[PDB]
Every structure is written in C-alpha cells, then in structure tokens.
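Take a look at this single chain, the form deposited in one PDB entry, given in structure tokens.
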C-alpha cells in the first residue's frame, strides 16, 4: 500500500526509524502526554520500536504516520492505524498527538485523513478507538464528528465510527480536505 494523504494545512507520511527522536520528544512532553501510554525517552529504544513496527507495516497490519504542516514542512504530530479485525472489517486508531506548532485545524484534518486511509485506501467497514475519562475535549471532538459512544471501563470511553458517517463527513467537511470546487453564495 502507498498513501497519498494530504489536507488543506497538513499532510501525513509513514513513520521511519529516523523519526525516533521527534517521537520520543513528542511522547515525553508532559503537556501532551496526560492521556497516552508512557513510552521510552531513549532514541535508540524508540528506533527499535519503529523497526518492529515496520515489520507489521510490511505485512499490512499497522500504519503509523508523522503529521506535518504543509506551509513549512515541519513535523507537528503523530497518528496510527492498528489492531485490525473481521466480521465486520475493523481498524483501531490512536497514538494521536499534535504539538504547539500544529496548524489551527490540524486535529480535524488529521482525523479525516485517518478515516480516508482506513475506509477508502484500506477498505475497512468500522473504526474502533478509546479516549481516557478526563480527556474532555477529545470526547467532545469525537462525538461532534459522529463517533458513537458504545461503552467503558474505569479508565476509558470506547467508541466506534462507522464508514457510513465518514461518507457524510466527506461532503460536510470538504472545506478541511482541500479547496472547494464551488462555493456556496447567498443572494
């Protein structure tokens, strides 16, 4: 598979071993990591994590991206599709992090591109993910875009996002993905 994921102000490309330092730094930023998993601050350890990740990628099992801002081609975060299953065909996503240098609407664009990748580039039917209780704005984001709060445990709320909702969102959210082919005008 090869991806061509770009929106208005951001673009995504697959993680390489050389992104290890950017990743270590991002994930060990205490302003960003309140609700994600602890991980190594050691660059070589992170390079190793990516090498294993690359085997999974080679076998169609996982796709992990650096998020870039288009205007200066500088890295602003991460996102991942992982843990694929069947009946129905489902993917998880997460590892979703944006730093201070993010564009304003990067969160919207990157989420949309995830769903482009999963539902159209990879042919899944459903998306699953979770968000820690307390990560209030992220709950609100996902509910707004159309995720369905299935359920929960002591830590998380568990969501699914159906392919059907992604197809509505392509029209409603077209302004985030590219320049419009025609604009609405009221007389």
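Residues that one form lacks are left out of the comparison. The term rigid core refers to the most C-alpha atoms you can superpose between the two forms while keeping them within 1.5 Å. Residue numbers count along the first chain shown, from 1.
The form deposited in another entry exists for this protein as well; it is not shown, and the discussion that follows is about that form.
### Message
Listing 144, 38, 51, 137 as candidates, which single one shows a C-alpha movement of 2 Å or greater between the shown form and the other one when the core is held fixed?
### Response
The only residue crossing the 2 Å threshold is 38.
### Residue pair residue 33, residue 105 - Cα distance in the other form, closer or farther (3 Å or more)
They are farther apart; the C-alpha distance rises by 3 Å or more in the other form.
### Query
What happens to the Cα distance from residue 36 to residue 105 in the other form: does it get closer or farther than here, with a change of 3 angstroms or more?
Farther, not closer.
### Task
Send over the list of consecutive residue runs, 3+ long, where the C-alpha shift is 2 angstroms or more at every position between the shown form and the other one on a core fit.
Run with every C-alpha shifted by at least 2 Å: 30 to 41, nothing else.
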